[PDB]
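K.L.:
Please see the structure below; I have some questions.
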Amino acid sequence: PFXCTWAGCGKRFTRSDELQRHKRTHXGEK
Ligand SMILES: [Zn+2]
């Protein structure tokens, strides 16, 4: 799976593109 390895985070998604959806809350430019 694809896991969000963000500081203070750690969520796992079966789609790199829900992963990149979630990564939304951390990211602005990306
Ligand atoms: Zn995250």
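Quick note on naming: the chains in the structure tokens go A, B, ... in the order shown, residues restart at 1 in each chain, and ligands are numbered from 1 in order of appearance.
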Go through chain A residue by residue and, counting only C-alpha atoms and all ligand atoms, keep those with an atom at most 9 Å from ligand 1; for each kept residue give the shortest atom pair and its distance in Å to one decimal, ordered by chain and increasing number, as a Markdown table.

P.N.:
| residue | atom | partner | partner_atom_place_in_ligand_line | distance |
| --- | --- | --- | --- | --- |
| A:3 | CA | ligand 1 | 1 (Zn) | 8.1 |
| A:4 | CA | ligand 1 | 1 (Zn) | 4.7 |
| A:5 | CA | ligand 1 | 1 (Zn) | 6.7 |
| A:6 | CA | ligand 1 | 1 (Zn) | 5.3 |
| A:7 | CA | ligand 1 | 1 (Zn) | 8.0 |
| A:8 | CA | ligand 1 | 1 (Zn) | 7.8 |
| A:9 | CA | ligand 1 | 1 (Zn) | 4.8 |
| A:10 | CA | ligand 1 | 1 (Zn) | 5.9 |
| A:11 | CA | ligand 1 | 1 (Zn) | 5.9 |
| A:12 | CA | ligand 1 | 1 (Zn) | 8.8 |
| A:19 | CA | ligand 1 | 1 (Zn) | 8.2 |
| A:22 | CA | ligand 1 | 1 (Zn) | 6.2 |
| A:23 | CA | ligand 1 | 1 (Zn) | 5.3 |
| A:24 | CA | ligand 1 | 1 (Zn) | 8.6 |
| A:25 | CA | ligand 1 | 1 (Zn) | 7.1 |
| A:26 | CA | ligand 1 | 1 (Zn) | 6.5 |

K.L.:
Running DSSP on the backbone, which parts of chain A land in alpha helix (DSSP H), as a list in words?

P.N.:
residues 16, 17, 18, 19, 20, 21, 22, 23, 24, 25 and 26 of chain A

K.L.:
For the residues selected in the previous step, produce a file with N, CA and C atoms as a PDB file, in the first residue's frame.

P.N.:
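File part.pdb, as written:
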ATOM      1  N   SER A  16      -2.348   5.507  -4.804  1.00  0.00           N
ATOM      2  CA  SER A  16      -1.326   6.538  -4.711  1.00  0.00           C
ATOM      3  C   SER A  16      -1.935   7.897  -5.020  1.00  0.00           C
ATOM      4  N   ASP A  17      -2.915   7.907  -5.913  1.00  0.00           N
ATOM      5  CA  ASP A  17      -3.593   9.125  -6.261  1.00  0.00           C
ATOM      6  C   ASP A  17      -5.439   9.543  -4.575  1.00  0.00           C
ATOM      7  N   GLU A  18      -5.796   8.611  -3.695  1.00  0.00           N
ATOM      8  CA  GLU A  18      -6.216   8.945  -2.344  1.00  0.00           C
ATOM      9  C   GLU A  18      -5.038   9.364  -1.479  1.00  0.00           C
ATOM     10  N   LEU A  19      -3.880   8.767  -1.712  1.00  0.00           N
ATOM     11  CA  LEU A  19      -2.686   9.115  -0.957  1.00  0.00           C
ATOM     12  C   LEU A  19      -2.271  10.549  -1.268  1.00  0.00           C
ATOM     13  N   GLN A  20      -2.134  10.861  -2.551  1.00  0.00           N
ATOM     14  CA  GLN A  20      -1.715  12.191  -2.973  1.00  0.00           C
ATOM     15  C   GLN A  20      -2.766  13.236  -2.621  1.00  0.00           C
ATOM     16  N   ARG A  21      -4.010  13.002  -3.022  1.00  0.00           N
ATOM     17  CA  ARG A  21      -6.134  13.313  -1.840  1.00  0.00           C
ATOM     18  C   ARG A  21      -5.962  13.670  -0.390  1.00  0.00           C
ATOM     19  N   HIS A  22      -5.285  12.782   0.321  1.00  0.00           N
ATOM     20  CA  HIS A  22      -4.978  12.971   1.723  1.00  0.00           C
ATOM     21  C   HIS A  22      -3.798  13.925   1.892  1.00  0.00           C
ATOM     22  N   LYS A  23      -2.672  13.608   1.232  1.00  0.00           N
ATOM     23  CA  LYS A  23      -1.435  14.380   1.389  1.00  0.00           C
ATOM     24  C   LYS A  23      -1.731  15.856   1.204  1.00  0.00           C
ATOM     25  N   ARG A  24      -2.517  16.157   0.185  1.00  0.00           N
ATOM     26  CA  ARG A  24      -4.296  17.756   0.571  1.00  0.00           C
ATOM     27  C   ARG A  24      -4.238  18.519   1.872  1.00  0.00           C
ATOM     28  N   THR A  25      -4.184  17.773   2.974  1.00  0.00           N
ATOM     29  CA  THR A  25      -4.227  18.363   4.305  1.00  0.00           C
ATOM     30  C   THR A  25      -2.858  18.885   4.732  1.00  0.00           C
ATOM     31  N   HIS A  26      -1.797  18.276   4.226  1.00  0.00           N
ATOM     32  CA  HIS A  26      -0.453  18.709   4.576  1.00  0.00           C
ATOM     33  C   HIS A  26       0.048  19.709   3.546  1.00  0.00           C
TER      34      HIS A  26
END

K.L.:
Quick one: DSSP strand (DSSP E or B) residues in chain A, as a VMD selection string?

P.N.:
chain A and resid 2 to 3 12 to 13
